[PDB]
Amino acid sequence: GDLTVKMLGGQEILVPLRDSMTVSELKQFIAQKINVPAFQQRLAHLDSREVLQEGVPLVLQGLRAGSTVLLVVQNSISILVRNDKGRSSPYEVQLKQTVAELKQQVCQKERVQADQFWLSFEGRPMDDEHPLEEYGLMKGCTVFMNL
């Protein structure tokens, strides 16, 4: 078969999936064809509005030759936060998201509570309610954890 992926600027990508193909695979195909990495891609059924499930073949989610999927691209950058022992660990973060949410990401990434540390950039403390753009993180920049 063959499936159409539409985007808000009228692009339409024609991705052909046959067997048990997975939405991860879909995102990868479209990623190659549009130079936008699979994680920066949110996909949803055209009108069924249910955001598709990951590990499952698309052919279960009622996807078929002729169907249409909408792709919206969310932008984020990759950064590093480093821990008390000094090991940077990567993270994919959205600039509008809150710090709290990065803070909550570094919790379960490094198994700690979020009541314990500062979180600082350019040795500037980062307030849990503000968004990350406030502090101007860039690609591959490095945030600090302060117990």
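One rule holds for the numbers: they count along the sequence shown, beginning at 1.
Asks: Could you settle it for me: does 108-116 or 29-37 have the higher average Cα B factor in the PDB entry?
Replies: Taking the mean B-factor of the alpha carbons in each, 108-116 is higher.
Asks: I need to verify one thing: averaged over C-alpha atoms only, is the B-factor higher for 9-17 or for 133-141?
Replies: Per the PDB entry, the higher value belongs to 9-17.
Asks: In terms of recorded Cα temperature factor, pick the maximum from 70, 65, 102, 81.
Replies: Comparing C-alpha B-factors across 70, 65, 102, 81, the top value belongs to 65.
Asks: Ordered by C-alpha B-factor within the chain, which third holds residue 43? Give me lowest, middle or highest, please.
Replies: Middle third, going by the recorded CA B-factors of the chain.
Asks: Going by the CA temperature factor in the PDB record, which third of the chain does residue 53 belong to: lowest, middle or highest?
Replies: Highest third.
Asks: Would the CA B-factor of residue 61 place it in the lowest, middle or highest third of its chain?
Replies: Top third by C-alpha B-factor.
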